[PDB]
Amino acid sequence: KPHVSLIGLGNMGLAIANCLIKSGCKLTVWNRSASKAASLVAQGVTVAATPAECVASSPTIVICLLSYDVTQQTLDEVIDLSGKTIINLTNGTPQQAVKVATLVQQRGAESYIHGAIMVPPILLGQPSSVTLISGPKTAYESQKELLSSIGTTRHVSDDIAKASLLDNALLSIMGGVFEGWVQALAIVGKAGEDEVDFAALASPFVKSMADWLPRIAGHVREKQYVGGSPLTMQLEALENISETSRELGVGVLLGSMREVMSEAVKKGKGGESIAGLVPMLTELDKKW
Amino acid sequence: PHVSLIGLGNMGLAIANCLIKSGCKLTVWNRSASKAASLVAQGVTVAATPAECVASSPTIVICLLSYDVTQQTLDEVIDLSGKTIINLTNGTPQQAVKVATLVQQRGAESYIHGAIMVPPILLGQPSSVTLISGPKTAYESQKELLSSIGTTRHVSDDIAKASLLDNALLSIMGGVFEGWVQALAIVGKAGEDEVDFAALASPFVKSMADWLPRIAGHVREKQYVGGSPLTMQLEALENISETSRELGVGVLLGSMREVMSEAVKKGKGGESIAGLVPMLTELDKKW
Ligand SMILES: NC(=O)c1ccc[n+]([C@@H]2O[C@H](COP(=O)([O-])OP(=O)(O)OC[C@H]3O[C@@H](n4cnc5c(N)ncnc54)[C@H](OP(=O)(O)O)[C@@H]3O)[C@@H](O)[C@H]2O)c1
Ligand SMILES: NC(=O)c1ccc[n+]([C@@H]2O[C@H](COP(=O)([O-])OP(=O)(O)OC[C@H]3O[C@@H](n4cnc5c(N)ncnc54)[C@H](OP(=O)(O)O)[C@@H]3O)[C@@H](O)[C@H]2O)c1
């Protein structure tokens, strides 16, 4: 029954709380909306009135808030972190991880590790469900056992910023997948198809796309841009998705993809593979 | 078995090589005739014109860039009497109906539309699925020939269906690529190995793949309540932009940020990803 504090009782915060409770720990919680602790009071959880009193209560602080900005606001009056390990499970950018690591260090925190939970709340605590962890190996190692309450942790690096870097990279893929999937479902739906039957038909094709991704990552690393699926042809197919959508009276996502491919053609990269879009991104700070 | 092919691009040349490998008597036409050079050794006949290529065989395969190029290339093909047309040219549902009409008007026996769902290098593998729509009988007749490009799947008697499902599947592919390109740009600029990243990512991408049928049920059942609201997802998309700015790396997923923003405005911030589908079905708009 080690003492753990948890800041944030949102969708993911509350799933974290339940995992930590089941693990057999003595849990102090704080949330802006204290009512979100209501389902935890019966399970023997203490609700601290302020972030400060919450952090005082335990040597191990878990944070799972909306964002860095909300994390900075919440930690504002948390003056004393002596002998505390911070486990930050708040989505943010690599520098935001470094910024919170710095905020808690300046306040006497013993250590900081950052975690990206890669599943929705309902999956938290399945050994299958993976959380990526970055920060000092000894710090991970001391929290490993507690952290096993939320599923399998993968320590990806000693660098505090890395779990967030990989988080942002993986959420990029997820964002792209959902954008395409939502566009796919709007088209088949409006045209009077059953979305569940379409999904059964799509799943084998979506698995093939997943299997082509490593080959593409190799192409990117080796700057090998020639294949049988040029950007000119792919752009023509995206334009037909727009027209297909228009024909049905449905809206059109993938605009950034259309824009970056349109410009790619302009710069005489029209004959390159999808791997050729990566240098379009790495060489220019722009929102397509 | 006499087959005519119109189009010797990346996919057209792969089709040609499948049809040769399966013992067709191939006649070809392409705007750039030189693209038939690898086929002349193998005994293929090059026709001077679309008309003379179509004239040469009972069964016509078309694999051109677009509908526009197809109608422009069929401009002086005025006699399809006796011809069965297999159109493997990507296009809209309405374009498939237009070519079917265009080719009927000129005397074609029948017309089927197919959508090849693999790159040329995988064409001819039984694992490679080409969606076919059109008359069952017309498909039944061509099924044997088409076995050369892999496994064909007759999705509907309705000519427009292969192109409907094609556009739907290519939407997913374009999203997946958009995401992957963003991910690779981010981790590459950060000094990570793209191939080691891909190994790490693989389990996670397969997991996303598995989530999609559930989301389809949510869309059909109009069930938009879960533990992953759009406000939370938008916040994460915004962090991908800032992560990218930190690295001096460009950012895609613009239409995804935009539609989620409007969702939040319309009071749908609490909804799941499934709550985006009605944002699209309601309004003709580019996001
Ligand atoms: N599917 C998921 O839910 C999921 C999956 C993986 C990772 N994550 C990550 O987990 C983190 C939390 O996500 P969530 O799903 O728990 O989101 P959520 O349901 O929106 O909860 C957000 C949390 O942030 C707090 N908050 C927001 N604005 C605040 C403010 N201005 N001042 C103080 N507190 C504020 C909320 O307090 P109130 O309760 O008072 O609103 C709540 O505790 C995010 O960074 C997210 O990306 C989530
Ligand atoms: N490549 C793939 O991975 C892939 C996968 C699945 C489906 N497809 C679909 O298959 C079709 C063929 O794609 P592809 O990869 O063969 O594209 P491609 O390599 O761009 O070839 C385009 C073909 O259309 C011809 N063409 C273009 N503009 C023309 C014009 N104005 N007049 C006459 N002919 C013209 C080209 O002639 P020239 O040779 O003279 O330029 C060439 O034969 C497309 O609809 C595509 O979406 C492709």
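Chains as they are written, first to last, in the deposited numbering: chain A, 6 to 293; chain B, 7 to 293. The beta carbon of each residue, even a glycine, is placed where N, CA and C say it ideally should be.
Is the Cβ of residue i closer than 7 Å to any Cβ of chain A?
i	result
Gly113/B	no
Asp290/B	yes
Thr51/B	no
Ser261/B	yes
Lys212/B	yes
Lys195/B	yes
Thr90/B	no
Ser87/B	no
Sorry if obvious, but does the Cβ on residue i come closer than 6 Å to a heavy atom of ligand 2?
i	result
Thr95/B	yes
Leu14/B	yes
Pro125/B	yes
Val75/B	yes
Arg37/B	yes
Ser234/A	yes
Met266/A	no
residue 4/A	Here chain A has residues from 6 to 293 only, and residue 4/A is not among them.
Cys59/B	no
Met238/A	yes
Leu128/B	no
Residues in the same chain with beta-carbon distance under 7 Å from residue i, minus the five sequence neighbours each way, listed in chain order, please.
i	result
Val265/B	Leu282, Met285, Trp293
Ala106/A	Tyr117, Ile165
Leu253/B	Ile192, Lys195, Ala196
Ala42/A	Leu14, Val34, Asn36, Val50, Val52
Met238/B	none
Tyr145/A	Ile118, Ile138, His160
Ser267/B	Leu240
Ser261/A	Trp293
Under 8 Å by Cβ, that's how I've got residue i and residue j pegged, so tell me the actual separation to the nearest angstrom.
i	j	result
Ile12/B	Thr79/B	6 Å
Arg159/B	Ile178/B	17 Å between Cβ atoms; not a contact.
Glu200/B	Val193/B	7 Å
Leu152/B	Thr136/B	7 Å
residue 1/B	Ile21/B	Residue 1/B is absent from the model: chain B starts at 7 and stops at 293.
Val182/B	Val270/A	No, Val182/B and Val270/A are not in contact; Cβ-Cβ is about 21 Å, not under 8 Å.
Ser10/A	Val75/A	That pair is no contact at about 17 Å.
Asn93/A	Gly120/A	7 Å
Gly275/B	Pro235/B	6 Å
Heavy atom of ligand 1 less than 6 Å from the Cβ of residue i, yes or no?
i	result
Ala242/B	yes
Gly18/A	yes
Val9/B	no
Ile122/A	yes
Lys274/B	no
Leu259/B	no
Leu32/A	no
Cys69/B	no
Buried or exposed: where does residue i fall if 16 or more other Cβ atoms within 10 Å of its Cβ makes it buried?
i	result
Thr55/B	exposed
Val46/A	exposed
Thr90/A	buried
residue 5/A	Since the displayed chain A opens at 6 and closes at 293, residue 5/A lies outside it and no answer follows.
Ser87/B	exposed
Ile84/B	exposed
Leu129/A	buried
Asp202/B	exposed
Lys149/B	exposed
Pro209/B	exposed
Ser278/B	buried
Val231/A	exposed
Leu19/B	buried
Closer than 8 Å by C-beta to residue i: which residues in its own chain qualify, once you throw out the five before and the five after it? Chain order, please.
i	result
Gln188/B	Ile246, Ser250, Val257, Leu258, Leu259
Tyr73/A	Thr95, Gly97, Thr98, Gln101, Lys104, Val105
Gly223/B	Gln229
Cβ of residue i less than 7 Å from any chain B Cβ?
i	result
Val34/A	no
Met266/A	no
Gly256/A	yes
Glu252/A	yes
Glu248/A	yes
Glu277/A	no
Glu82/A	no
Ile21/A	no
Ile12/A	no
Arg37/A	no
Within the same chain, show all residues whose beta-carbon is closer than 6 Å to that of residue i, passing over the 5 residues directly before and after it, in chain order.
i	result
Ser154/B	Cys24, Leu25, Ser28
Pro7/B	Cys30
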